[PDB]
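Student:
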Amino acid sequence: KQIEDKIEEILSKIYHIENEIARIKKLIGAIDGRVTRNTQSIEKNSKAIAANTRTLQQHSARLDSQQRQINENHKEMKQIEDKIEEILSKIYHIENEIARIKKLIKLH
Amino acid sequence: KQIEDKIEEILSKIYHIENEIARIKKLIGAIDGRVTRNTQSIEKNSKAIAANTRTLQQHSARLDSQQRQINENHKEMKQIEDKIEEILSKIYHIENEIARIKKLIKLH
Amino acid sequence: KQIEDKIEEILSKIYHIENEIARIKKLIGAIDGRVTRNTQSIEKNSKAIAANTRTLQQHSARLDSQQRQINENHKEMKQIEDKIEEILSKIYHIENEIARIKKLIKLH
Ligand SMILES: [Cl-]
Ligand SMILES: [Cl-]
Ligand SMILES: [Cl-]
Ligand SMILES: [Cl-]
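Residue numbers (our numbering), protein chains in the order written: chain A, -15 to 92; chain B, -15 to 92; chain C, -15 to 92.
(1) List, in order along the chain, the chain C residues whose C-beta lies closer than 7 Å to that of residue 39 (chain A)?
(2) Kindly examine ligand 4 and report whether one of its heavy atoms sits closer than 7 Å to the Cβ of residue 26 (chain C).
(3) If we cut at 8 Å on Cβ distances, does residue 58 (chain C) have a partner in chain A?
(4) When we look at the beta-carbon of residue 40 (chain C) and count the other beta-carbons within 10 Å, is it buried (16 or more) or exposed?
(5) If we call anything under 8 Å between Cβ atoms a contact, is residue 8 (chain C) one with residue -13 (chain B)?
(6) By how many angstroms is the C-alpha of residue 20 (chain B) removed from the C-alpha of residue 4 (chain C)?
(7) If contact means a Cβ-Cβ distance below 8 Å, which residues of the region 64 to 75 of chain C contact chain A?
(8) What are the uninterrupted segments assigned as beta strand (DSSP E) that are 3 or more residues long and contained completely in the region 6 to 61 of chain A, given in chain order?
(9) In chain order, what residues have a CB nearer than 6 Å to some heavy atom of ligand 4?
(10) So if I measure from each beta-carbon to every heavy atom of ligand 3 and keep distances below 6 Å, which residues remain?
(11) Between residue 27 (chain B) and chain A, is the shortest Cβ-Cβ distance under 8 Å, so that the two count as touching?
(12) Looking at ligand 1, does it come within less than 7 Å of residue 29 (chain C), judged from the CB to the closest heavy atom?
(13) So that I know if they touch, is there some Cβ in chain A lying closer than 8 Å to that of residue 24 (chain C)?
(14) Taking 7 Å as the cut-off, does the CB of residue 22 (chain C) come closer than this to any heavy atom belonging to ligand 1?
(15) Compute the distance between the beta-carbons of residue 78 (chain B) and residue 82 (chain A), then report whether it is under 8 Å.
(16) Tell me which residues of the region 6 to 18 of chain A have at least one Cβ-Cβ distance to chain C shorter than 8 Å, keeping chain order.
(17) Name the chain A residues whose beta carbon is nearer than 8 Å to that of residue -3 (chain B)?
(18) Confirm, please, whether the CB-CB distance from residue -15 (chain B) to residue -9 (chain A) is below 8 Å.
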């Protein structure tokens, strides 16, 4: 009698337990799949970041080259300018020579 | 009798349950370690992305500067060209003066 | 008697089991929250990487344009230089004409 009441109490507990276990298992299966998906996406990200770092490095290399190019062009300009000064000097000298020639002719 | 048969049925259930519980615990321990690893890798990624964003910002700053440099060089050129025009003008004027001088000498 | 001893053994097992189940449930709840947080951070990362890739693409476009600009400026310079040569030639020719004029005047 009293033993049968105890056994009833025990059978119900076990029922409720088995049910918990099933639901726990479902929950765990769900999380497993979520985690794998996350582990997959992280790999994707890392791939995309390594890709980008390389592009950054290439761009850096291109910025350097360009800066050097610009410097050389800035210099070439200065050489050109220095050359123009010399030309202007010659031209003023020539203007003067022409004037002086004109004066000799005018006197004679 | 019948009670002993019930108790047998109960003991087996419990056995099978305890086994489930152990295997569930293993599964959960595994996922925990996977998750920590993922949480670690994500931090790595974020660090690498913040690193890259900064490089991007620095490059942007360098592109601006370079563009400004190029503009100034494009301008300096235009100044140089305008100066050359003036030189060519003077040179044609001089050529003309020389010709006219030659004519005076030829007449006399 | 012996049955009551068995039932005692069974009741304790169930107690210990229920406790395991609770603690398992807590553990699982914890991991769930960790995973969601990770899934959230990964999305953040992906957003930040797509953002950066676009910036990289824009920078590439700007490096191309700048390189083309620099090339044109390097060319314009060469045109300018070729023009200067011609000017210097004219100037030497003029110097010579002036000298020869001077000689005619000196003779007469
Ligand atoms: Cl995760
Ligand atoms: Cl990530
Ligand atoms: Cl330039
Ligand atoms: Cl990135």
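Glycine included, C-beta positions come from ideal geometry on N, C-alpha and C.
Tutor: In brief:
(1) Within chain C, the residues near residue 39 (chain A) are 40.
(2) It does not: the Cβ of residue 26 (chain C) is nowhere closer than 7 Å to a heavy atom of ligand 4.
(3) So yes, residue 58 (chain C) belongs to the interface.
(4) Residue burial annotation: residue 40 (chain C) is buried, with at least 16 other C-beta atoms found within 10 angstroms of its C-beta.
(5) No. Outside cutoff.
(6) Going by the C-alpha atoms only, they are around 23 Å apart.
(7) Hits within the stretch, in order: 64, 65, 68, 71, 72 and 75.
(8) If we require 3 residues or more, the region 6 to 61 of chain A turns out to have no beta strand (DSSP E) run fully inside it.
(9) Matched residues: A:33, A:36, B:33, B:36, C:33 and C:36.
(10) Qualifying residues, in the order they occur: A:54, A:57, B:54, B:57, C:54 and C:57.
(11) Using a Cβ-Cβ cut-off of 8 Å, residue 27 (chain B) does not count as an interface residue toward chain A, since no Cβ of chain A sits closer than that to its own.
(12) If you check the C-beta of residue 29 (chain C) against ligand 1, you find no heavy atom less than 7 Å away.
(13) Residue 24 (chain C) is outside the set of residues whose beta carbon lies under 8 Å from a beta carbon in chain A.
(14) It does: the Cβ of residue 22 (chain C) is within 7 Å (strictly closer) of some heavy atom of ligand 1.
(15) Yes, they are a contact pair.
(16) So the list reads 8, 11, 12, 15 and 18, given in the order they occur along the chain.
(17) Chain A residues near residue -3 (chain B): -2 and 2.
(18) No, the Cβ-Cβ distance between residue -9 (chain A) and residue -15 (chain B) is not below 8 Å.
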